[PDB]
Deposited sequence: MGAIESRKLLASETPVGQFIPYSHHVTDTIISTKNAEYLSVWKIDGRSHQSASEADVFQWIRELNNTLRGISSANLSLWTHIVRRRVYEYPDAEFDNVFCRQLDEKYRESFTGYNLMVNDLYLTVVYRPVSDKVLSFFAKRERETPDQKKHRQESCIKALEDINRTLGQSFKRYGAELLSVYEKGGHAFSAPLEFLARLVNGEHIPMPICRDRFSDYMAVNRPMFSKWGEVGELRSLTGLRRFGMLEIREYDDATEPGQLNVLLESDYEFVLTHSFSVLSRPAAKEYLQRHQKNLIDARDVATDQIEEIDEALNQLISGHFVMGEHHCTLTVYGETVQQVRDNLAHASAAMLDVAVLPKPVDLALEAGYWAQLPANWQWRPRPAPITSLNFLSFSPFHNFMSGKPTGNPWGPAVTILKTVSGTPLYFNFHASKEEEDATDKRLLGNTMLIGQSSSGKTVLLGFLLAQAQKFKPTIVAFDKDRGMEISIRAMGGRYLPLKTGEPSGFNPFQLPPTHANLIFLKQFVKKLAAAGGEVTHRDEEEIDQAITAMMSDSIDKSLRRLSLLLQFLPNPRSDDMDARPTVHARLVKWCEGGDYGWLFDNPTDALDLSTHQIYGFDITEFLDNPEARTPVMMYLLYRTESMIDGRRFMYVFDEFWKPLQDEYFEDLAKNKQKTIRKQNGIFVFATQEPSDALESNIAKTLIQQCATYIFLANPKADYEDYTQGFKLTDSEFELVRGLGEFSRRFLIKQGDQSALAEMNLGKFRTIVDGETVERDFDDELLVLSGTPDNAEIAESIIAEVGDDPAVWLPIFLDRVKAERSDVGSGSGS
């Protein structure tokens, strides 16, 4: 049958998996350091640190199985928006990938402990303690690597097994979420059994997504040298394959005996003393000195597909890309019937060929892969944008919340803050408008604070509120002046930031309590109450000058209910570089209102030049306490500053950098310098990349946690429906997200003054008309 060939039986604890041969397993899901944004000394230092780690995690009680699974992305739920602009953008982006081969490649590392009644239970508990020590040391040496211990999807429904299903994805060919029952896992739990041909050419695998066929390659006689990332040319890899590097650790005297027999072979060659006995004696010296640790090893690449000519084509391309880098893959005959059963990490019996390798040549073969999202689908929301063009590589799946320095991981969901920095108008607002437009698939309510009349047409076409501020016109927000919790506290803050220990600090709290007790008795009084509050018990200055603050509650009604009608809200903080005269009270009560509003969804506070308005100590107290409370309770801050080396002088910017998850560096030219390496936590290669992309390349360095790569937008794509359609250029709905100020501002104002409700169906029609007039007559006629 099939159940005798798969050795697992979960009977111990969360991370450890027992079996019938009394072995124990523990699976890690890693997404390692990117192999595109680092120097050669950095990857050499990484391999040296990993070898110094694995030198202690040794001594014959260990088997490490590194799996590199390149898999299609069937789990991605591309869905609808229920507004026509964002659905049009999703349609253009989804069919803007003309054969991009959307595959993601995750890593796994299986740690297997094998030692060689109540005493057997004691030995089992000793293996549990020993493997927990191994897992603790491995997690302490994988802090840069993003290695989540994979006993993490527990208690979903009725006790689902997370160190399982990866051991199903090897054996079934599809990620089936395994249930834990009081039974054995080898009975009939692994459902989709594969079958083999009688000659052993290509095996078949009857999954639920369709019948597949697979072929394998075994690596033998690899090169005597070892590049650190030597076999990373199989990550582009149009294969949907599974790579398995098994290293079962041999002890020191067993490895010394193996080199003794190898020297006996190389010295008793029939009159060919090939002078190769000078590096194996050096290897014996490194073994006795303790610099190495050797063990048995086999590498199997199982490439999947269908229509066996295509499987053989993939096998031939894999053999070509392997022999390019000086390893020799032999194909497999009927021993493939054992080789797939050598895929599982409890398979010393059906092991194809145990080549003894040193640990440096094992870490040099599986060091780790390029950059993707560690959770493509599975975030606290859905995946925001399937960003293409990690440059010559996989997709991105850009998320606002990925990871951070994982200390005290409990009592928090995930840090979600992002810093979308870049040079002034060099491709910042188009990316921010695109991300805020694409994020609407799981219903957030974004609140934006602009730089200078930017992102206007995007938020206005999304259905947003977007009041544009001018401070002279009476159309503006009014002081609401009715919280029945700490009206005295907000009267204190209003008095001190209206006079602008402010000036003398003499009994202003008595003025606040007097105006509260004389005016508010108790609830639901109108502009009579607001007029008493404005008049008597900005303040003295506008009271004696009559000019400069018309936009506040100066015979303006209580516009306080306007935070349940729309979803996107937008305020222009353009003419407010004169803080703390005007910018900090306005944003003080705006952030007061919009922080009293928390609707449970992702409240995305979008800032443009966040260091400009937040220049008061009240916003420092908010950037401590409110930032902790909002990044706790399903809130997301999206900053976009422009001059970060001019922003780094304030400590508010420092404490907002230190609590920010994902960074985007867009178009920083050579005018900026080595201060990206300190504060922003970069290496030298990442700053070299962001300075070497140039000025008008419109691609950005994305960095999440300890991973970094590049990303583009690719606004040139076309599709083929039956014959090859026209080139779309992604230029329809591109001037609406770029937000050129005069055309979009004038036409948006005039056609919200022409048709009443804010349209997604009628605003871009005449917006397209008024943009096409300029873009056709002004740019084609005169030459």
Deposited positions lacking CA coordinates: 1 to 14, 131 to 145, 530 to 532, 570 to 583
